[PDB]
>>> print(open('data.cif').read())   # mmCIF, C-alpha atoms
data_data
loop_
_atom_site.label_atom_id
_atom_site.label_comp_id
_atom_site.auth_asym_id
_atom_site.auth_seq_id
_atom_site.Cartn_x
_atom_site.Cartn_y
_atom_site.Cartn_z
CA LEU A 2 -80.75 -176.23 28.28
CA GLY A 3 -78.67 -173.89 30.45
CA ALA A 4 -75.84 -173.68 27.91
CA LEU A 5 -78.29 -173.01 25.08
CA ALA A 6 -80.02 -170.30 27.12
CA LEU A 7 -76.65 -168.71 27.91
CA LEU A 8 -75.71 -168.78 24.21
CA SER A 9 -79.04 -167.17 23.28
CA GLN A 10 -78.53 -164.47 25.92
CA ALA A 11 -75.00 -163.83 24.63
CA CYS A 12 -76.30 -163.51 21.07
CA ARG A 13 -79.03 -161.10 22.20
CA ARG A 14 -76.54 -159.01 24.19
CA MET A 15 -74.09 -158.84 21.28
CA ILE A 16 -76.88 -157.83 18.89
CA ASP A 17 -77.93 -155.10 21.33
CA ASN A 18 -74.31 -153.93 21.61
CA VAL A 19 -73.97 -153.81 17.81
CA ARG A 20 -77.20 -151.80 17.56
CA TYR A 21 -76.00 -149.41 20.27
CA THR A 22 -72.67 -148.94 18.48
CA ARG A 23 -74.49 -148.23 15.20
CA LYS A 24 -76.74 -145.70 16.94
CA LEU A 25 -73.72 -144.03 18.53
CA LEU A 26 -71.98 -143.82 15.15
CA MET A 27 -75.12 -142.31 13.60
CA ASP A 28 -75.34 -139.76 16.41
CA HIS A 29 -71.65 -138.88 15.99
CA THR A 30 -72.03 -138.41 12.23
CA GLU A 31 -75.13 -136.26 12.76
CA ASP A 32 -73.25 -134.14 15.30
CA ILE A 33 -70.34 -133.72 12.87
CA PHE A 34 -72.76 -132.68 10.11
CA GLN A 35 -74.46 -130.16 12.42
CA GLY A 36 -71.09 -128.74 13.45
CA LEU A 37 -70.03 -128.40 9.81
CA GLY A 38 -73.31 -126.63 9.05
CA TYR A 39 -72.81 -124.26 11.98
CA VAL A 40 -69.25 -123.53 10.81
CA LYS A 41 -70.54 -122.81 7.30
CA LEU A 42 -73.21 -120.50 8.74
CA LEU A 43 -70.59 -118.65 10.79
CA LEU A 44 -68.55 -118.15 7.59
CA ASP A 45 -71.49 -117.34 5.30
CA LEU B 2 -68.37 -180.73 11.31
CA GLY B 3 -70.55 -178.94 8.75
CA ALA B 4 -72.13 -176.65 11.34
CA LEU B 5 -68.72 -175.81 12.82
CA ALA B 6 -67.33 -175.06 9.35
CA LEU B 7 -70.32 -172.84 8.60
CA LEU B 8 -69.83 -170.98 11.89
CA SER B 9 -66.13 -170.48 11.12
CA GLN B 10 -66.99 -169.18 7.64
CA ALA B 11 -69.57 -166.80 9.13
CA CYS B 12 -67.00 -165.51 11.63
CA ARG B 13 -64.44 -165.01 8.86
CA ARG B 14 -66.90 -163.13 6.65
CA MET B 15 -68.08 -160.91 9.52
CA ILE B 16 -64.46 -160.10 10.38
CA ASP B 17 -63.83 -159.26 6.72
CA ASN B 18 -66.95 -157.07 6.66
CA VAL B 19 -65.83 -155.24 9.81
CA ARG B 20 -62.38 -154.67 8.29
CA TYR B 21 -63.96 -153.39 5.06
CA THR B 22 -66.21 -151.01 7.02
CA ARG B 23 -63.21 -149.72 8.97
CA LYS B 24 -61.26 -149.18 5.74
CA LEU B 25 -64.23 -147.36 4.20
CA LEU B 26 -64.50 -145.12 7.27
CA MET B 27 -60.77 -144.37 7.10
CA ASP B 28 -61.06 -143.52 3.39
CA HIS B 29 -64.05 -141.26 4.08
CA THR B 30 -62.22 -139.42 6.87
CA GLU B 31 -59.15 -139.01 4.65
CA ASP B 32 -61.33 -137.63 1.85
CA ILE B 33 -62.98 -135.19 4.28
CA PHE B 34 -59.55 -134.05 5.50
CA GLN B 35 -58.32 -133.57 1.92
CA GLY B 36 -61.45 -131.58 1.05
CA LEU B 37 -60.99 -129.38 4.11
CA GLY B 38 -57.36 -128.79 3.13
CA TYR B 39 -58.39 -127.89 -0.42
CA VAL B 40 -61.01 -125.48 0.93
CA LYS B 41 -58.40 -123.87 3.19
CA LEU B 42 -56.02 -123.55 0.23
CA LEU B 43 -58.75 -121.92 -1.87
CA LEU B 44 -59.30 -119.40 0.96
CA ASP B 45 -55.63 -118.85 1.81
CA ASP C 50 -62.25 -99.33 0.14
CA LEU C 51 -63.43 -100.65 3.53
CA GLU C 52 -64.56 -103.96 2.01
CA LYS C 53 -60.95 -105.11 1.60
CA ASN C 54 -60.16 -104.29 5.24
CA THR C 55 -63.35 -106.02 6.41
CA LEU C 56 -62.59 -109.20 4.46
CA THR C 57 -58.97 -109.17 5.64
CA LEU C 58 -60.12 -108.88 9.26
CA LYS C 59 -62.67 -111.66 8.76
CA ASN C 60 -60.02 -113.94 7.23
CA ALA C 61 -57.60 -113.17 10.07
CA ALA C 62 -60.26 -113.95 12.68
CA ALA C 63 -61.37 -117.13 10.87
CA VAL C 64 -57.93 -118.62 10.13
CA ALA C 65 -57.44 -119.49 13.81
CA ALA C 66 -60.81 -121.25 14.00
CA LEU C 67 -60.21 -123.05 10.69
CA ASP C 68 -56.78 -124.44 11.50
CA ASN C 69 -57.80 -125.24 15.10
CA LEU C 70 -60.67 -127.32 13.70
CA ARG C 71 -58.28 -128.90 11.19
CA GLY C 72 -55.83 -129.85 13.94
CA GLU C 73 -58.61 -131.15 16.18
CA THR C 74 -59.65 -133.70 13.54
CA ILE C 75 -56.08 -134.96 13.04
CA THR C 76 -56.40 -137.30 16.03
CA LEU C 77 -59.99 -138.25 15.12
CA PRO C 78 -59.01 -141.27 12.95
CA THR C 79 -56.72 -142.51 15.73
CA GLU C 80 -59.53 -142.11 18.27
CA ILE C 81 -61.91 -144.04 15.99
CA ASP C 82 -59.32 -146.80 15.52
CA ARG C 83 -58.66 -147.10 19.26
CA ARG C 84 -62.40 -147.14 19.97
CA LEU C 85 -62.96 -149.89 17.38
CA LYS C 86 -59.97 -151.88 18.69
CA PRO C 87 -62.02 -153.58 21.48
CA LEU C 88 -64.42 -154.78 18.77
CA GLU C 89 -61.56 -156.72 17.16
CA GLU C 90 -60.71 -158.25 20.54
CA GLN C 91 -64.35 -159.25 21.04
CA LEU C 92 -64.42 -160.82 17.57
CA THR C 93 -61.23 -162.76 18.34
CA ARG C 94 -62.73 -163.95 21.63
CA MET C 95 -65.88 -165.08 19.82
CA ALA C 96 -63.78 -166.94 17.24
CA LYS C 97 -61.80 -168.66 20.00
CA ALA D 227 -69.59 -138.71 25.98
CA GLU D 228 -65.97 -139.87 25.89
CA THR D 229 -66.20 -140.96 29.53
CA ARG D 230 -69.39 -142.91 28.79
CA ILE D 231 -67.74 -144.61 25.80
CA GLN D 232 -64.67 -145.46 27.89
CA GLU D 233 -66.75 -146.92 30.74
CA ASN D 234 -68.83 -148.94 28.27
CA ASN D 235 -65.64 -150.30 26.70
CA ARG D 236 -64.21 -151.16 30.12
CA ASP D 237 -67.44 -152.94 31.08
CA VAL D 238 -67.32 -154.89 27.81
CA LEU D 239 -63.70 -155.86 28.49
CA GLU D 240 -64.56 -156.90 32.05
CA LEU D 241 -67.45 -159.09 30.90
CA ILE D 242 -65.26 -160.63 28.18
CA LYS D 243 -62.59 -161.43 30.78
CA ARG D 244 -65.21 -162.92 33.11
CA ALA D 245 -66.58 -165.09 30.30
CA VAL D 246 -63.05 -166.23 29.40
CA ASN D 247 -62.36 -167.12 33.03
CA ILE D 248 -65.65 -169.02 33.37
CA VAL D 249 -65.33 -170.92 30.07
CA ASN D 250 -61.90 -171.68 28.59
CA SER D 251 -62.53 -174.63 26.26
CA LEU D 330 -48.08 -142.09 50.05
CA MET D 331 -45.61 -139.28 49.29
CA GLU D 332 -45.22 -137.81 52.79
CA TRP D 333 -41.62 -139.03 53.11
CA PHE D 334 -40.80 -137.72 49.63
CA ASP D 335 -42.25 -134.31 50.50
CA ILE D 336 -40.31 -134.24 53.78
CA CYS D 337 -37.04 -135.11 52.03
CA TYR D 338 -37.68 -132.54 49.30
CA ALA D 339 -38.35 -129.84 51.90
CA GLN D 340 -35.21 -130.82 53.81
CA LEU D 341 -33.00 -130.82 50.70
CA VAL D 342 -34.27 -127.96 48.54
CA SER D 343 -35.29 -125.76 51.51
CA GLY D 344 -37.21 -123.52 49.11
CA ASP D 345 -40.71 -123.26 47.64
CA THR D 346 -42.05 -121.88 44.37
CA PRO D 347 -45.68 -121.35 43.29
CA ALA D 348 -45.17 -123.89 40.47
CA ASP D 349 -44.78 -126.82 42.89
CA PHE D 350 -48.03 -126.95 44.90
CA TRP D 351 -50.11 -127.51 41.75
CA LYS D 352 -47.78 -130.29 40.55
CA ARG D 353 -49.32 -132.76 43.02
CA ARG D 354 -52.71 -132.42 41.29
CA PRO D 355 -53.48 -132.95 37.59
CA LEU D 356 -53.39 -129.77 35.51
CA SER D 357 -55.34 -128.58 32.47
CA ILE D 358 -53.92 -127.39 29.13
CA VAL D 359 -56.09 -125.49 26.64
CA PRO D 360 -53.92 -124.65 23.61
CA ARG D 361 -55.24 -122.45 20.79
CA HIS D 362 -52.74 -122.10 17.95
CA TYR D 363 -52.98 -120.13 14.71
CA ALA D 364 -51.27 -119.88 11.34
CA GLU D 365 -50.04 -116.33 12.04
CA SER D 366 -47.28 -117.65 14.33
CA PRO D 367 -46.31 -121.23 15.32
CA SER D 368 -46.93 -120.94 19.06
CA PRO D 369 -49.76 -122.62 21.01
CA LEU D 370 -51.76 -120.52 23.47
CA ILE D 371 -51.31 -122.67 26.57
CA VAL D 372 -53.90 -122.02 29.28
CA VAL D 373 -53.50 -123.22 32.88
CA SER D 374 -56.51 -123.50 35.19
CA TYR D 375 -56.58 -124.13 38.93
CA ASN D 376 -57.64 -127.63 39.98
CA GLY D 377 -58.53 -126.82 43.60
CA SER D 378 -61.29 -124.37 42.64
CA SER D 379 -64.56 -124.70 40.72
CA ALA D 380 -63.36 -122.48 37.89
CA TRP D 381 -63.50 -123.01 34.13
CA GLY D 382 -61.79 -126.29 33.24
CA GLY D 383 -61.33 -127.47 36.83
CA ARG D 384 -62.40 -131.00 37.77
CA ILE D 385 -62.74 -131.25 41.55
CA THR D 386 -66.44 -132.05 42.22
CA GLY D 387 -67.92 -133.36 38.96
CA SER D 388 -68.79 -132.26 35.44
CA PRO D 389 -67.25 -128.84 34.67
CA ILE D 390 -68.76 -126.10 32.51
CA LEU D 391 -69.40 -127.42 29.00
CA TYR D 392 -71.12 -124.44 27.30
CA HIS D 393 -73.89 -126.57 25.79
CA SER D 394 -77.65 -126.31 25.10
CA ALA D 395 -77.01 -123.28 22.86
CA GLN D 396 -76.17 -124.88 19.48
CA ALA D 397 -78.61 -127.75 18.89
CA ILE D 398 -81.63 -125.42 18.94
CA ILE D 399 -79.99 -122.98 16.52
CA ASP D 400 -78.97 -125.81 14.18
CA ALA D 401 -82.50 -127.26 14.25
CA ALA D 402 -84.01 -123.84 13.52
CA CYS D 403 -81.60 -123.32 10.61
CA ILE D 404 -82.25 -126.80 9.16
CA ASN D 405 -86.03 -126.63 9.61
CA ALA D 406 -86.44 -124.41 6.53
CA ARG D 407 -83.02 -125.18 4.97
CA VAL D 408 -82.12 -121.49 5.33
CA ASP D 409 -78.94 -120.47 7.14
CA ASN D 410 -80.02 -116.86 7.70
CA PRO D 411 -82.43 -116.58 10.67
CA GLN D 412 -83.83 -113.27 9.40
CA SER D 413 -85.79 -115.05 6.64
CA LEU D 414 -87.22 -117.74 8.94
CA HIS D 415 -90.78 -118.39 10.10
CA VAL D 416 -92.48 -116.48 12.91
CA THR D 417 -92.48 -119.58 15.13
CA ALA D 418 -88.73 -120.01 14.66
CA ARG D 419 -88.14 -116.35 15.52
CA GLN D 420 -90.30 -116.65 18.65
CA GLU D 421 -88.45 -119.80 19.73
CA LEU D 422 -85.08 -118.11 19.17
CA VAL D 423 -86.20 -115.07 21.19
CA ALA D 424 -87.51 -117.23 24.05
CA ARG D 425 -84.43 -119.46 24.19
CA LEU D 426 -81.94 -116.59 23.74
CA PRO D 427 -82.91 -113.40 25.61
CA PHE D 428 -79.84 -111.59 24.25
CA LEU D 429 -80.96 -112.26 20.65
CA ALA D 430 -84.21 -110.28 21.03
CA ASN D 431 -82.32 -107.00 20.49
CA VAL D 432 -81.40 -107.90 16.89
CA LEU D 433 -84.86 -108.86 15.61
CA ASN D 434 -86.38 -105.49 16.55
CA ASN D 435 -83.85 -103.77 14.22
CA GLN D 436 -82.58 -101.27 16.78
CA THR D 437 -79.47 -99.07 16.38
CA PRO D 438 -79.02 -99.70 12.63
CA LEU D 439 -75.49 -100.37 11.41
CA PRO D 440 -74.22 -101.54 8.00
CA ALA D 441 -73.66 -105.32 8.27
CA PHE D 442 -71.62 -106.52 11.29
CA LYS D 443 -68.06 -105.12 11.15
CA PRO D 444 -66.50 -104.87 14.63
CA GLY D 445 -63.25 -103.58 13.12
CA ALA D 446 -64.65 -100.32 11.74
CA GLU D 447 -62.48 -97.89 13.73
CA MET D 448 -59.54 -98.05 11.30
CA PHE D 449 -61.28 -97.06 8.08
CA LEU D 450 -63.75 -94.86 9.98
CA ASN D 451 -60.86 -92.76 11.29
#
>>> encode(input="data.cif", output="C-alpha cells")
Amino acid sequence: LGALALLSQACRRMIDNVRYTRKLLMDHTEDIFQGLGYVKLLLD
Amino acid sequence: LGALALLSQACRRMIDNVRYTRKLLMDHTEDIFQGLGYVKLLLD
Amino acid sequence: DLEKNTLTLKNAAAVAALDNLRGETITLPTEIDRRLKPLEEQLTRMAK
Amino acid sequence: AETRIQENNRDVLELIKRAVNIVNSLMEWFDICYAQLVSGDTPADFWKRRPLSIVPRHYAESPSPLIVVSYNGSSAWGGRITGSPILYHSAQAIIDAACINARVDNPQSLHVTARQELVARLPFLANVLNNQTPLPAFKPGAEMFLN
C-alpha cells in the first residue's frame, strides 16, 4: 500500500501544481488587462 | 497491458493538449502584438 | 491654434511610453516559453 | 513575482530529480597582481566587483537607450544590498478598481464613495476634487503658445 499511497500523493501534488499554475496565469492575464486599461486611461 | 496502453494514450493526449494550449497562447500574444503595432501606426 | 501644439506635445510625450511598452513585451513570449519549459520536462519524466 | 516563480520552478526541478534518483525503473591574488601591473585606479573599477544595474529608456525620436547606473553599495533606487528594493506599488490597483467599479475611466464622474476612497488613499489627489486654481484642461506645455 505504500507505493499506492505515494502515487496518490504524487497525483494530488501534481493536480495542486496545475491549479496553482492556472491561478498564476489568470492573475497574470488580469494584471495585463488592468495595465492596458490604465494605459488607455492615461491616453484618453 | 490494456491499462498501460490507456495510460500511455492519456499521457500522449495531455501532451498534445499542452502543446495546443501553448500554440494558442503564442498565437494570442502575436495577435496582441500585431494589434498594438497597428494602433501605433494609426497614431504615428 | 494651441490645440495642434498640445496634441503634438502629448504625442511626443506618449511615443516614448508606447514604444517602451512595445519593446518590453518583445521578450514576453520567450519568458512564457522558458517558464513553460519545465512543464515539458515534468511531462517527459511522468511518461518515463 | 519572478523570483517566486523561479524558486518554485527550482523546487519542482529538485523534487523531480529526487524522485528520479529514488525510483529509476577568492580574487585577492588577482587584485594584488592587477595593482602591481596597472599601478593605477579609476572610479569605474571598484563597482566592477559587484553586480550593476541598467535601466534603459529608449524612444523613437533617436535610436539611443537611456542607460542608468545605480550604486550597489547603498540603499538607493535600484540597489540590491539588503533585500527588496523600492518597487513603487500599492498606487495602481486601487485606481484600477475604482475605474472599473463603474466602468468609467474618468474619476470626476464617479460615486461619492469612490471619491472619498481616492482622497483617503491619495492625499495629493484631494487638491483636484475641490476644483481649486482653475485651468483649461491639463496642458503643462502652455508657455510656448502663451508667449
>>> closest_atom_pairs(input="data.cif", of="chain B", to="chain C", cutoff="10 Å", atoms="only C-alpha atoms", output="tab-separated table")
residue	atom	partner	partner_atom	distance
B:8	CA	C:96	CA	9.0
B:9	CA	C:96	CA	7.5
B:11	CA	C:96	CA	10.0
B:12	CA	C:96	CA	6.6
B:13	CA	C:96	CA	8.6
B:15	CA	C:92	CA	8.8
B:16	CA	C:92	CA	7.2
B:19	CA	C:89	CA	8.6
B:20	CA	C:89	CA	9.1
B:23	CA	C:82	CA	8.2
B:26	CA	C:78	CA	8.8
B:27	CA	C:78	CA	6.9
B:30	CA	C:78	CA	7.1
B:31	CA	C:78	CA	8.6
B:33	CA	C:74	CA	10.0
B:34	CA	C:71	CA	7.8
B:37	CA	C:71	CA	7.6
B:38	CA	C:71	CA	8.1
B:41	CA	C:67	CA	7.8
B:44	CA	C:60	CA	8.3
B:45	CA	C:60	CA	8.5
>>> write_last_selection(input="data.cif", atoms="C-alpha atoms", output="mmCIF file, in the frame of the given file")
data_model
loop_
_atom_site.group_PDB
_atom_site.id
_atom_site.type_symbol
_atom_site.label_atom_id
_atom_site.label_comp_id
_atom_site.auth_asym_id
_atom_site.auth_seq_id
_atom_site.Cartn_x
_atom_site.Cartn_y
_atom_site.Cartn_z
ATOM 1 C CA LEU B 8 -69.830 -170.980 11.890
ATOM 2 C CA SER B 9 -66.130 -170.480 11.120
ATOM 3 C CA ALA B 11 -69.570 -166.800 9.130
ATOM 4 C CA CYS B 12 -67.000 -165.510 11.630
ATOM 5 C CA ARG B 13 -64.440 -165.010 8.860
ATOM 6 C CA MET B 15 -68.080 -160.910 9.520
ATOM 7 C CA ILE B 16 -64.460 -160.100 10.380
ATOM 8 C CA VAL B 19 -65.830 -155.240 9.810
ATOM 9 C CA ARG B 20 -62.380 -154.670 8.290
ATOM 10 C CA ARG B 23 -63.210 -149.720 8.970
ATOM 11 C CA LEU B 26 -64.500 -145.120 7.270
ATOM 12 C CA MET B 27 -60.770 -144.370 7.100
ATOM 13 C CA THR B 30 -62.220 -139.420 6.870
ATOM 14 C CA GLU B 31 -59.150 -139.010 4.650
ATOM 15 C CA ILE B 33 -62.980 -135.190 4.280
ATOM 16 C CA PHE B 34 -59.550 -134.050 5.500
ATOM 17 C CA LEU B 37 -60.990 -129.380 4.110
ATOM 18 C CA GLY B 38 -57.360 -128.790 3.130
ATOM 19 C CA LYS B 41 -58.400 -123.870 3.190
ATOM 20 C CA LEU B 44 -59.300 -119.400 0.960
ATOM 21 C CA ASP B 45 -55.630 -118.850 1.810
#
>>> interface_residues(input="data.cif", of="chain D", to="chain C", cutoff="10 Å", atoms="all atoms listed in the file", output="JSON, numbers by chain")
{"D": [231, 232, 235, 236, 238, 239, 242, 243, 245, 246, 250, 251, 360, 361, 362, 363, 364, 365, 442, 443, 444, 445, 446, 448, 449, 450]}
>>> interface_residues(input="data.cif", of="chain A", to="chain D", cutoff="7 Å", atoms="only C-alpha atoms", output="PyMOL selection string")
chain A and resi 35+39+42
>>> axis_aligned_box(input="data.cif", around="segment 88-97 of chain C", padding_each_side="6 Å", output="lines of an AutoDock Vina configuration file")
center_x = -63.3
center_y = -161.7
center_z = 19.4
size_x = 17.2
size_y = 25.9
size_z = 16.5
>>> atom_distance(input="data.cif", atom1="atom CA of residue 418 of chain D", atom2="atom CA of residue 402 of chain D")
6.2 Å
>>> resolve_selection(input="data.cif", expression="the PyMOL selection byres ((chain D and resi 380-393) around 12)", output="PyMOL selection string")
chain D and resi 227+229+354-359+372-379+394-399
>>> atom_distance(input="data.cif", atom1="atom CA of residue 440 of chain D", atom2="atom CA of residue 53 of chain C")
15.2 Å
>>> atom_distance(input="data.cif", atom1="atom CA of residue 419 of chain D", atom2="atom CA of residue 433 of chain D")
8.2 Å
>>> build_atoms(input="data.cif", residues="segment 21-40 of chain A", atoms="N, CA, C and O atoms", output="tab-separated table (two decimals), keeping the file's coordinate frame")
chain	number	residue	atom	x	y	z
A	21	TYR	N	-76.39	-150.60	19.53
A	21	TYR	CA	-76.00	-149.41	20.27
A	21	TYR	C	-74.80	-148.73	19.62
A	21	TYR	O	-74.74	-147.50	19.55
A	22	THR	N	-73.82	-149.51	19.16
A	22	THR	CA	-72.67	-148.94	18.48
A	22	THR	C	-73.08	-148.25	17.18
A	22	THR	O	-72.58	-147.16	16.86
A	23	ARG	N	-74.00	-148.86	16.43
A	23	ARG	CA	-74.49	-148.23	15.20
A	23	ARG	C	-75.22	-146.93	15.50
A	23	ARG	O	-75.05	-145.93	14.80
A	24	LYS	N	-76.04	-146.92	16.56
A	24	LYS	CA	-76.74	-145.70	16.94
A	24	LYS	C	-75.77	-144.62	17.38
A	24	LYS	O	-75.95	-143.44	17.05
A	25	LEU	N	-74.72	-145.00	18.12
A	25	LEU	CA	-73.72	-144.03	18.53
A	25	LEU	C	-72.97	-143.46	17.33
A	25	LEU	O	-72.69	-142.25	17.28
A	26	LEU	N	-72.64	-144.31	16.36
A	26	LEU	CA	-71.98	-143.82	15.15
A	26	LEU	C	-72.89	-142.87	14.37
A	26	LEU	O	-72.42	-141.85	13.85
A	27	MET	N	-74.18	-143.20	14.27
A	27	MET	CA	-75.12	-142.31	13.60
A	27	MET	C	-75.22	-140.97	14.32
A	27	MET	O	-75.26	-139.91	13.68
A	28	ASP	N	-75.28	-141.00	15.65
A	28	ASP	CA	-75.34	-139.76	16.41
A	28	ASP	C	-74.07	-138.93	16.22
A	28	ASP	O	-74.13	-137.70	16.09
A	29	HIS	N	-72.91	-139.59	16.20
A	29	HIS	CA	-71.65	-138.88	15.99
A	29	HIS	C	-71.60	-138.24	14.61
A	29	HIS	O	-71.17	-137.09	14.46
A	30	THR	N	-72.02	-138.97	13.58
A	30	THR	CA	-72.03	-138.41	12.23
A	30	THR	C	-73.01	-137.25	12.12
A	30	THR	O	-72.72	-136.24	11.47
A	31	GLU	N	-74.18	-137.37	12.76
A	31	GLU	CA	-75.13	-136.26	12.76
A	31	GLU	C	-74.56	-135.04	13.47
A	31	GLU	O	-74.74	-133.91	13.01
A	32	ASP	N	-73.86	-135.25	14.59
A	32	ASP	CA	-73.25	-134.14	15.30
A	32	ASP	C	-72.16	-133.48	14.45
A	32	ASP	O	-72.04	-132.25	14.44
A	33	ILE	N	-71.37	-134.28	13.75
A	33	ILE	CA	-70.34	-133.72	12.87
A	33	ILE	C	-70.98	-132.91	11.75
A	33	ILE	O	-70.50	-131.82	11.41
A	34	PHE	N	-72.06	-133.42	11.17
A	34	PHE	CA	-72.76	-132.68	10.11
A	34	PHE	C	-73.32	-131.36	10.64
A	34	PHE	O	-73.23	-130.33	9.97
A	35	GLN	N	-73.92	-131.39	11.84
A	35	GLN	CA	-74.46	-130.16	12.42
A	35	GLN	C	-73.35	-129.16	12.72
A	35	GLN	O	-73.52	-127.95	12.51
A	36	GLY	N	-72.21	-129.64	13.21
A	36	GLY	CA	-71.09	-128.74	13.45
A	36	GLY	C	-70.55	-128.13	12.17
A	36	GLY	O	-70.21	-126.94	12.13
A	37	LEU	N	-70.46	-128.93	11.10
A	37	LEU	CA	-70.03	-128.40	9.81
A	37	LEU	C	-71.02	-127.36	9.29
A	37	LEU	O	-70.61	-126.32	8.75
A	38	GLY	N	-72.32	-127.61	9.45
A	38	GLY	CA	-73.31	-126.63	9.05
A	38	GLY	C	-73.21	-125.34	9.84
A	38	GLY	O	-73.34	-124.25	9.29
A	39	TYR	N	-72.98	-125.45	11.15
A	39	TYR	CA	-72.81	-124.26	11.98
A	39	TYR	C	-71.56	-123.48	11.58
A	39	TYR	O	-71.57	-122.25	11.55
A	40	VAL	N	-70.47	-124.19	11.26
A	40	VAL	CA	-69.25	-123.53	10.81
A	40	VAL	C	-69.50	-122.80	9.49
A	40	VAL	O	-69.05	-121.67	9.30
